[PDB]
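Below: one structure, written as structure tokens.
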Amino acid sequence: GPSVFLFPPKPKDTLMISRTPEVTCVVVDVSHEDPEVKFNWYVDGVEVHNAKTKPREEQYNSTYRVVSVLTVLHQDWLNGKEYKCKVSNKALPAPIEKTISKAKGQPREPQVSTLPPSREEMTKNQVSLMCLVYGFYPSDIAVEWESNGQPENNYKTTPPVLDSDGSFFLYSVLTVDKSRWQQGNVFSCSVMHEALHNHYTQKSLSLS
Amino acid sequence: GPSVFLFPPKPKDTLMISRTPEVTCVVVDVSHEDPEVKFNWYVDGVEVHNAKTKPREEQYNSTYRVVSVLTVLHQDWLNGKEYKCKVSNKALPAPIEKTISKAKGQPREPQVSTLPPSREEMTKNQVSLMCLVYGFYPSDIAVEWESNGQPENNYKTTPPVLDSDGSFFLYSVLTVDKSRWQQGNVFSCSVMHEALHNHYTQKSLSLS
Amino acid sequence: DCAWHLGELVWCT
Amino acid sequence: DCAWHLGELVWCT
């Protein structure tokens, strides 16, 4: 029979008012014989009607996947509203319901510790810059890098790690050509999290 | 005063016997005036002595970061042993202790649903292949892509998402030049998780 | 009092 | 009975 997965919005989308967060209800293993899927969506138990219906798409072995996307309001998500996807299909004994919402608990503001290139690092042709981001709650967070108002994409970020006080931490590492660092260019890690003022902070590194 | 963060090993490292998993005890904001850091490591409360001591490195504003890495045994980690880092420094009123271990609870085996390119996808010059990986516990998992015994690195994977039964799911999407797909090349998503036989499974997609 | 990220609006207070 | 990943040993039973 079909399976249902309800994906939360991307943290960056819920935190930036200019972006559009959405929850995504994914139904896989829909049979060729009983392929109609009906979606009902609810926000705190109240039915909403603005979801997009996507055309079914082919999977292997005579099945389809069928997806429905509901745009959410940033403030609704951040206020802890519950989004429910109800999935109806003839092959299902009963409709499948999934509910998702933001993690509960007191939000806590991320702190950042920066780390410039090690002594050994400065001998190579590429250097690494690090931002350790810590003490935040919920674990939903977005970390990106930039320099001189342009994005810097050559970075890797660990998953959030649970700390002993129930907050989270991670690190992000940007790797750049050493010449760009030696020139004196400033590189910054931008952090977006709901507990920050205006959801945003930035820390900077340059050759000192 | 200094802050301590204890990072778990990478899932891939704990699952592949040929790799070397490690836990990493990171101390930041160590003062120039009191810069000595003593590390004690314990495995289920029993002190171990094989940790590497790394040279201190400069942070900004007259501080250092100091890091200690302890190699862990795959089976110890998977059996739920607790790793404790104890950090001693003159500026600290008392030593800081951090403990980490694998999530508790019955391990559950990941399932995979594959999705070949949509109808619209096949009109473009790049196509996307997806593996939805679900029903797994703990959330520690590694997903990678390959074709013809070579790695395929142009993919993105969501974080694990908690499902209503307490298991996790995610999706991973590989993007490839359409010509490579049209040629008939087989692409596979490899999944490593502790509840799989030999920690490993692979599902494959090709033009059907 | 608004925060901007790479020219895009984040949030206002 | 061993699993291999891109030529590297994963695990044996």
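In the structure tokens, chains take letters A, B, ... by order of appearance, with residues numbered from 1 within each chain and ligands from 1 in the order shown.
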Check chain D with DSSP on the backbone and list each residue it calls strand (DSSP E), as a ChimeraX atom specification. /D:2-5,8-12
Chain D onto chain C, all Cα, least squares, as a CSV table (one decimal) with C-alpha atoms, in the first residue's frame:
chain,number,residue,atom,x,y,z
D,1,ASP,CA,14.9,48.1,11.7
D,2,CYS,CA,15.4,45.4,9.1
D,3,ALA,CA,18.0,42.7,8.5
D,4,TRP,CA,19.1,41.9,5.0
D,5,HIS,CA,21.0,38.9,3.6
D,6,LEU,CA,22.8,39.3,0.3
D,7,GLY,CA,20.3,42.0,-0.8
D,8,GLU,CA,17.2,40.0,0.3
D,9,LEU,CA,15.0,40.9,3.2
D,10,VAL,CA,15.2,38.7,6.3
D,11,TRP,CA,13.0,40.2,8.9
D,12,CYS,CA,11.8,43.6,10.4
D,13,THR,CA,11.1,44.9,13.9
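Counting only C-alpha atoms, the residue from A:160, A:80, A:151, A:184 that sits nearest to chain C is A:151.
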Excluding residue 63 in chain B and any residue of its chain fewer than 2 positions from it, enumerate the residues within 10 Å of it, using only C-alpha atoms, and give them as a VMD selection string. chain B and resid 2 28 to 35 56 to 61 65 to 66
Compile the contact shell of residue 167 in chain B as a ChimeraX atom specification: residues with an atom at most 8 Å away, counting only C-alpha atoms, same-chain residues fewer than 5 positions apart removed. /B:108,134-139,162
Neighbours of residue 84 in chain A within 6 Å (only C-alpha atoms; same-chain residues fewer than 6 positions away dropped), as JSON, numbers by chain? {"A": [41, 42, 98, 99]}
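Distances from A:194, A:76, A:97, A:109 to chain B were compared using only C-alpha atoms, and the smallest one belongs to A:97.
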Give me the residues of chain A that have any atom at most 12 Å from an atom of chain C; for each, the nearest atom pair and the distance in Å, rounded to one decimal. Use only C-alpha atoms, sort by chain and number, and format it as CSV.
residue,atom,partner,partner_atom,distance
A:12,CA,C:10,CA,9.2
A:13,CA,C:10,CA,9.5
A:14,CA,C:10,CA,9.8
A:15,CA,C:10,CA,6.7
A:16,CA,C:10,CA,4.1
A:17,CA,C:10,CA,5.4
A:18,CA,C:9,CA,5.6
A:19,CA,C:10,CA,8.4
A:20,CA,C:10,CA,11.6
A:74,CA,C:11,CA,10.4
A:75,CA,C:11,CA,11.1
A:142,CA,C:5,CA,11.7
A:143,CA,C:5,CA,11.4
A:144,CA,C:5,CA,9.9
A:145,CA,C:6,CA,10.1
A:146,CA,C:6,CA,8.3
A:147,CA,C:6,CA,9.8
A:148,CA,C:6,CA,9.6
A:149,CA,C:6,CA,5.9
A:150,CA,C:6,CA,6.7
A:151,CA,C:6,CA,7.4
A:152,CA,C:6,CA,10.9
A:188,CA,C:5,CA,11.6
A:189,CA,C:5,CA,11.2
A:190,CA,C:5,CA,8.2
A:191,CA,C:5,CA,9.9
A:192,CA,C:10,CA,8.8
A:193,CA,C:10,CA,10.7
A:194,CA,C:11,CA,10.1
A:196,CA,C:11,CA,10.4
A:197,CA,C:13,CA,8.3
A:198,CA,C:11,CA,4.9
A:199,CA,C:11,CA,6.5
A:200,CA,C:3,CA,6.7
A:201,CA,C:3,CA,8.7
A:202,CA,C:5,CA,9.7
